[PDB]
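Each chain, letter by letter, is given below.
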Amino acid sequence: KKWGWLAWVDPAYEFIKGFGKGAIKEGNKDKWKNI
């Protein structure tokens, strides 16, 4: 179950989904409303 090899499969892909569409958007803006 070597993960080190899996990360070398496509880190950019997951990196793109990690934020920059709604994840981080709804995270940083979530404070702007404070509600």
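Residues numbered from 1 in each chain as written, not as in the entry; some residues may be left out. Heavy atoms only, no water.

As stated in the entry header, the method of structure determination is solution NMR.

### Some thoughts on the overall build of the chain
In terms of helices and strands, the chain carries three helices and zero strands. Mapped in sequence order, the helices and strands of the chain form the string α-α-α. In the chain, which comprises 35 residues, the share counted as buried stands at 0%. If you sum the accessible surface of the chain, you get close to 3,900 Å²; carbon and sulfur atoms cover 64% of it. (Helix = DSSP H or I, 4+ residues; strand = E, 2+ residues; numbered from the N terminus. Buried < 20%, exposed > 50% of the residue type's maximum accessible area, 1.4 Å probe, protein only. Areas by Shrake-Rupley, 256 points an atom, 1.4 Å probe, with all protein chains shown as cover.)

### Here we look at unusual backbone geometry
Not every positive phi belongs to a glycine, and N34 is a case in point at roughly 55°. Assignment of secondary structure puts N34 in the segment after helix 3 (25–33).

### Quick word on the packing of aromatic side chains
What the rule picks out here adds up to one aromatic pair. Geometrically, the ring pair formed by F15 and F19 is edge-to-face, given 5.1 Å between the ring centres and 70° between the ring planes. Using a relative accessible area of 40% as the deciding quantity, one classes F19 as partly exposed. (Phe/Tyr/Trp six-rings, centres within 6.5 Å; stacked < 30°, edge-to-face > 60°.)

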